[PDB]
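Remarks on the structure that follows.
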Amino acid sequence: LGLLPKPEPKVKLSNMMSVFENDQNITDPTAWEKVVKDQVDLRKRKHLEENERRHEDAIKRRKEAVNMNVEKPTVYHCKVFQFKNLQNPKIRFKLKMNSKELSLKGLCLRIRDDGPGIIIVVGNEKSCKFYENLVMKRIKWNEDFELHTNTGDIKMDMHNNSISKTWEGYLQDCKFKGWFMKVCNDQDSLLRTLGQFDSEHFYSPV
RNA sequence: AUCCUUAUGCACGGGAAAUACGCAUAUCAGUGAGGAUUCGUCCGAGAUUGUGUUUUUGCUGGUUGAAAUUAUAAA
RNA sequence: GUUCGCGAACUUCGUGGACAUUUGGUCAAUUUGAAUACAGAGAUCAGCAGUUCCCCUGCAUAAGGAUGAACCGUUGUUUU
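Just so you know, the first sequence maps onto residues 262 to 467 in full-length UniProt numbering.
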């Protein structure tokens with residue numbers, strides 16, 4: 262009740278020989294072949310083009326969508342860990358980038374660079390879990406690594422270093438505005454820093 | 001950001017089948033349908049009824065035949 | 001009586017069989033107030049898509065994993 266488009270015959274290289282609606286099918290053999298192969302390509306290309314378009318639009322959406330979603334978080338899972346040492350760059354990098362990725366409110370404090378330190382990680386539960394996994398399974402805090410400096414590249418054998426999850430709880434409010442990794446010269450300083458969020462307790466002296 | 005799992009949705013592509021595939025102001029149904037069994041047990045999702053098509057829906061193309069047939073106008 | 005056969009002088013005598021019958025056989029159609037018709041009016045070949053179920057492939061969403069990536073992050077005259 263329209264004739265707004267038209268419906269043609271879907272040829273392929275197995276039909277090819279059997280379609281006669283479109284002309285030239287034996288007349289101009291290679292022309293016909295080109296047409297049919299070309300058609301097939303278009304079909305495939307169209308499919309691929311469609312996929313590409315979808316990919317694009319999704320991407321466009323996602324950026325906007327993230328920005329839009331400033332939802333009010335009802336409850337925050339938290340996990341606070343502590344490590345004997347982290348003179349490795351790699352571990353630090355992991356802690357950073359992962360945190361950045363996962364909207365992970367928290368920090369990683371420590372004493373005297375080489376000394377022991379704490380991580381406090383907070384957010385949605387899945388993210389927290391992921392972080393924990395990264396800490397415990399993915400990273401080896403008992404690995405031997407290299408320090409790159411001007412004086413010389415220093416080998417750091419650390420079989421002694423280890424990592425433990427202290428806490429794994431739910432915090433009434435997450436007072437951590439972001440992920441504020443730090444170092445301190447002393448324990449008192451560290452404590453003070455911790456209490457900037459009105460919460461010292463996360464640390465555990467052993 | 002990279003790789004994978006599942007489900008789905010959209011499609012390319014490749015197949016098989018339409019004896020199949022629906023629909024319901026229906027009756028029942030994981031608060032058990034229908035089935036297994038070595039008999040101790042086991043699987044666990046439709047069944048009943050009614051009914052619409054079902055040697056097929058929608059469209060295209062050819063040959064043909066069919067009989068396939070040619071405008072006006074001035075000297 | 002009507003046929004076929006055989007014995008005696010086509011023709012005739014002597015003789016042995018067999019001898020029903022009709023129903024089941026109306027073209028329709030049109031023009032009638034019997035004529036026209038005349039058996040009664042798309043075929044065949046071939047694509048494609050649809051429907052269902054499957055498998056693959058790429059994309060999307062949901063979820064859910066796994067993994068990577070250096071390095072530290074935030075609460076009295078020259079360097080003021």
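A virtual CB, placed ideally from N, CA and C, is assigned to each residue, including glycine.
{"Query": "Could you check what DSSP says for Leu455 in three-state terms: helix, strand or coil?", "Result": "helix"}
{"Query": "Counting pairs of Cβ atoms below 8 Å between the segment 389-406 and the segment 345-359, do you hit three or more?", "Result": "yes"}
{"Query": "What does the Cβ neighbour count give for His338, buried or exposed, with the cut at 16 atoms within 10 Å?", "Result": "buried"}
{"Query": "May I ask you to verify whether the segment 318-329 touches the segment 346-354, counting CB pairs closer than 8 Å and requiring at least 3?", "Result": "no"}
{"Query": "Where do the N-terminal and C-terminal ends of the beta strand (DSSP E) with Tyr337 fall, by residue?", "Result": "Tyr337 to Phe344"}
{"Query": "Inspect the beta-carbon positions of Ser388 and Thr427 and report whether they are closer than 8 Å.", "Result": "no"}
{"Query": "Kindly indicate the opening and closing residues of the beta strand (DSSP E) around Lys390.", "Result": "Element bounds for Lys390: not the beta strand (DSSP E) but the alpha helix (DSSP H), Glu386 to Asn394."}
{"Query": "What residues are listed by DSSP as bridge partners for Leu363?", "Result": "Its beta-bridge partners do not exist; DSSP assigns none."}
{"Query": "Starting from the N-terminal side, write out each stretch of the alpha helix (DSSP H) that is 4 residues or longer and does not extend beyond the segment 409-459.", "Result": "448-455"}
{"Query": "Which of the three DSSP states, helix, strand or coil, is assigned to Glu461?", "Result": "coil"}
{"Query": "Let me confirm a value: residue 481 is counted as buried when at least 16 other C-beta atoms fall within 10 Å, else exposed. Which label applies?", "Result": "Nothing can be reported for residue 481: it is not among the residues displayed for the chain, which extend from 262 to 467."}
{"Query": "Look at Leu363 and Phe391 and say whether their C-beta atoms are less than 8 Å apart.", "Result": "yes"}
{"Query": "Can the beta-carbon of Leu347 be found less than 8 Å from the beta-carbon of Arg373?", "Result": "no"}
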